[PDB]
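One chain follows as structure tokens, the form deposited in one PDB entry.
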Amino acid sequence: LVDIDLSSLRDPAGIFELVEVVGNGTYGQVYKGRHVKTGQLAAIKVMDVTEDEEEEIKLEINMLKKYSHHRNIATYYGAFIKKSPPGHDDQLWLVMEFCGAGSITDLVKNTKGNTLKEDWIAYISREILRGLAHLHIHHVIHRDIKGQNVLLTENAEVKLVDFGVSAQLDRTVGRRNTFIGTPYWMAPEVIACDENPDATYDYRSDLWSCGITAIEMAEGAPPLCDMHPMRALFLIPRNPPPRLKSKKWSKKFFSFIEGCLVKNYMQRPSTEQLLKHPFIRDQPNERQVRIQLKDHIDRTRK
């Protein structure tokens, strides 16, 4: 798009507009929007921000790493501030490519038995991996791969949520930064312990999260769901790699999970290696899966 500037905080007038009526009290909810110049739909994350946070947002935007677009990433369109008079708070807008069919989590929640068919898991997992491969080659770690951050377009295209990942813009607004988020999709290396005191992310941390997302697609929830988050945090580096509960799954799927879920990131395969895994590489029903997913989308849209 012609009027996109990812390096500056601008007024959205004449660039983007909300289509849904946005009320009072926003803190990260996503609304249908539109690119004014092209008419193309957009997803707009809206947050009420203080005058102080706006100054901070400006610096964070300067630190945004850049990367070309990719069919498996919901294109990030920038950050905007919609001004209010002094005293009353302004609103930060984070703008992204619109994905109509909702998240992978909603898809599984809406599916009978909260389990997706294996060939659907293979298709979705490959698209996630292709999205990650693109970020990784540009030296960007997603950091929040989970079913809720993997979206479907109307045409069953798979896209990773990008509301400014290379500077975690959506997890800093209302002091959500000082906070440890949800731990269920966290790799062992991102959690500090005796052998790992400097809990440092690596590109490979996204691959562990991708494996947890594949279990989430298979069982409707990540392995340590409902457990107090502090206990999940203690158990992740200690427990054996999570494994699918049901015996119904193919050997290739169990094998794919073993690849993602190597606890020691130094021994965990790269995104390129996981893309060559038979579960991902061999998809002869790929044409049909898209058709099957596209029908599930159109049937839930009523």
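Numbering starts at 1 and follows the sequence shown. Here the rigid core means the biggest group of C-alpha atoms that line up within 1.5 Å when the two forms are laid on top of each other.
Participant: Given that the flanking residues are present, does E127 go without coordinates in at least a third of the other entries of this protein?
Facilitator: No: coordinates for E127 present in every compared entry.
Participant: Do at least a third of the other entries of this protein fail to model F234?
Facilitator: Looking at the other entries that model residues on either side of it, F234 is present in every one.
Participant: Averaged over C-alpha atoms, is the B-factor higher for 283 to 291 or for 10 to 18 in this PDB entry?
Facilitator: Looking at the recorded C-alpha B-factors, 283 to 291 comes out higher on average.
Participant: On mean Cα temperature factor in this entry, is 45 to 53 or 233 to 241 the higher one?
Facilitator: Averaging CA B-factors over each stretch, the winner is 45 to 53.
Participant: When the CA B-factors of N110, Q148, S209, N72 are compared as recorded in the entry, which is the largest?
Facilitator: Top of the list by C-alpha B-factor: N110.
Participant: Check the PDB entry and point out which of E127, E219, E97, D194 has the largest C-alpha temperature factor.
Facilitator: By C-alpha B-factor in the record, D194 ranks first.
Participant: Sorting the chain's modelled residues by C-alpha B-factor, tell me whether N177 ends up in the lowest, middle or highest third.
Facilitator: It falls in the top third of the chain.
Participant: Determine, from the deposited record, the chain-internal third of the Cα B-factor for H88: lowest, middle or highest.
Facilitator: It falls in the top third of the chain.
Participant: Can you tell me whether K263 has a C-alpha B-factor in the lowest, middle or highest third compared with the other modelled residues of the same chain?
Facilitator: Its C-alpha B-factor belongs to the lowest third of this chain's values.
Participant: Lowest, middle or highest third: which one holds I61 when the chain's residues are ordered by CA B-factor from the entry?
Facilitator: Ranked within chain, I61 CA B lands in the middle tercile.
Participant: Split the chain's modelled residues into thirds by Cα B-factor; is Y77 in the lowest, middle or highest one?
Facilitator: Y77: CA B-factor falls in the lowest third of its chain.
The form deposited in another entry is left out here; the points below concern that form.
Participant: Have a look at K248, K251, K66, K245 and give me the residue whose C-alpha moves 2 Å or more between the shown form and the other one, with the fit done on the rigid core.
Facilitator: None of the others reach 2 Å, which leaves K66.
Participant: Once you line up the core, how about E157: does its CA shift reach 2 Å between the shown form and the other one?
Facilitator: No, the C-alpha position differs by under 2 Å between the shown form and the other one.
Participant: Would you say whether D90 is displaced between the shown form and the other one, judging by a C-alpha shift of 2 Å or more on the superposed rigid core?
Facilitator: Yes, the C-alpha moves 2 Å or more.
Participant: Does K263 show a Cα shift reaching 2 Å between the shown form and the other one after rigid-core superposition?
Facilitator: No; that C-alpha moves by less than 2 Å between the shown form and the other one.
Participant: Report the direction of the Cα distance change between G25 and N149 in that other deposited form, compared with the displayed form, as closer or farther; the change is 3 Å or more.
Facilitator: Compared with the shown chain, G25-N149 is closer in that other deposited form.
Participant: Say whether the C-alpha atoms of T153 and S68 sit closer together or farther apart in that other deposited form than in the form shown here, given that their separation changes by 3 Å or more.
Facilitator: Compared with the form shown here, the C-alpha atoms of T153 and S68 sit closer together in that other deposited form, by 3 Å or more.
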